[PDB]
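Form deposited in one PDB entry, single chain, as structure tokens, below.
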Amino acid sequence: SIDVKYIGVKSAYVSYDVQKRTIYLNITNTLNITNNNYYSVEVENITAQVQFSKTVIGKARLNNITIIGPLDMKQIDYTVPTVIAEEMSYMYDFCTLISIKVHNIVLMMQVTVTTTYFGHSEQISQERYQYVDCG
């Protein structure tokens, strides 16, 4: 990727910033800019690319149980949170959070058994995050 930036407050190409109790007095302020940008990005000149898949069967006893190609059974982001109590009590408390499963951004680009991929795959996240503020 190109020019992926996180800026907290002030982004500028040029900035004049004259803030507090300040005297700014007779000035000549001349500025001659050339700032041209040329991008040739994610550009391709391919001839004859090929993505191919083939299966062929023959004479055999494949009867009781047969699988051809992959078998997938992953457990991902799998949880069994179990809370067992009796006289669970919350009283007079000010800022109380009970959080058994909580999420923010979730990105899954390609999740598969088989993948044939050609080209470009990009995944970008920019963020500012606060879970609790209770002053």
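Basically, rigid core = biggest C-alpha set you can superpose within 1.5 Å across the two forms. So that there is no doubt, residue numbering starts at 1 and follows the sequence shown.
As for the form deposited in another entry, it is not shown, yet the points below apply to it.
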The one residue in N45, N104, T66, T30 whose CA moves 2 Å or more between the shown form and the other one on rigid core superposition is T66
After a rigid core superposition, would you say the CA of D93 moves by 2 angstroms or more between the shown form and the other one, or not? no
Quick read on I68 and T112 CA atoms in that other deposited form, 3 Å or more from the shown distance, and they're closer
Checked in that other deposited form: CA of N63 to CA of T112 differs by 3 Å or more, atoms lying closer
